[PDB]
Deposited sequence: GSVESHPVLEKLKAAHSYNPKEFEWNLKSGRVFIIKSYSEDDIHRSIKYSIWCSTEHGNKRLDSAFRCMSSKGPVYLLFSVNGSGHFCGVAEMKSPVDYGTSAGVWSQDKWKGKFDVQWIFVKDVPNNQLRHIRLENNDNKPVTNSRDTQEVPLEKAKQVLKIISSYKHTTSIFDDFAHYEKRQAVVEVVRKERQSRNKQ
């Protein structure tokens, strides 16, 4: 059994494309650390993301700075998960408590031990897997990461739990509407 929302998404977008240009002529790449998989699910189906106030200021600056001379890529990982779950392109400046359009491109789990050997000189040579939200990846290291994520033969992705997230969100909504109703 597959969910019809996921089927509409799969038919309308080309997730995990076989021909992806990882050796960029230009562009900038950033690590997004999400608090939960729920946020990732919502982001994939609505093509939207928000960081913190400072995160949105930095991503705003990067997007407007690039002036469509190249892409701005976001590599997503949930705090404490041990893998990246996909990559999306930032597609609009931040709109104002600050949201912005994103286009998901890769939706696949890449374990951290596939990427931990890549270290970030602008972050005390710490592994790319030990980054904070909106940490920028140097371009050549970005190409190493994009190549690895693009070519990895993933065995799973958040899509495998799609219906589960669908149900969670729905229950949460009712739980809120009832609780709020009980207050007034």
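Enquirer: Got a list of the deposited-sequence ranges with no coordinates?
Expert: Missing from the model are residues 1-3, 100-111, 200.
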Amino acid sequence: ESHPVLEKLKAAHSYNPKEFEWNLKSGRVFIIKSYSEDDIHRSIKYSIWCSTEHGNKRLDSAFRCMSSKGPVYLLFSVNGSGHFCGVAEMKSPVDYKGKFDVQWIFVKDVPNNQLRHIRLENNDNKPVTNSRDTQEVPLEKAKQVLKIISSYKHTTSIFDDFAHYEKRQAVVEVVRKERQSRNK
From here on, numbers count along this sequence of modelled residues.
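Enquirer: Once you work out the mean C-alpha B-factor for both 49-57 and 31-39 from the entry, which is higher?
Expert: Here the higher of the two C-alpha B-factor means belongs to 49-57.
Enquirer: Which is higher on average in the deposited entry, the C-alpha temperature factors of 63-71 or of 126-134?
Expert: In the deposited entry, the stretch with the higher C-alpha B-factor mean is 63-71.
Enquirer: Place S77 in the lowest, middle or highest third of its chain's C-alpha B-factors, as listed in the PDB entry.
Expert: Its C-alpha B-factor belongs to the lowest third of this chain's values.
Enquirer: How does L24 rank on Cα B-factor within its chain, lowest, middle or highest third?
Expert: Highest third.
Enquirer: Sorting the chain's modelled residues by C-alpha B-factor, tell me whether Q144 ends up in the lowest, middle or highest third.
Expert: It falls in the top third of the chain.
Enquirer: What third of its chain's C-alpha B-factors does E89 belong to: lowest, middle or highest?
Expert: For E89, whose C-alpha B-factor we compare with every modelled residue in the chain, the answer is the middle third.
Enquirer: For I118, does the deposited CA B-factor place it in the lowest, middle or highest third of the chain?
Expert: For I118, whose C-alpha B-factor we compare with every modelled residue in the chain, the answer is the middle third.
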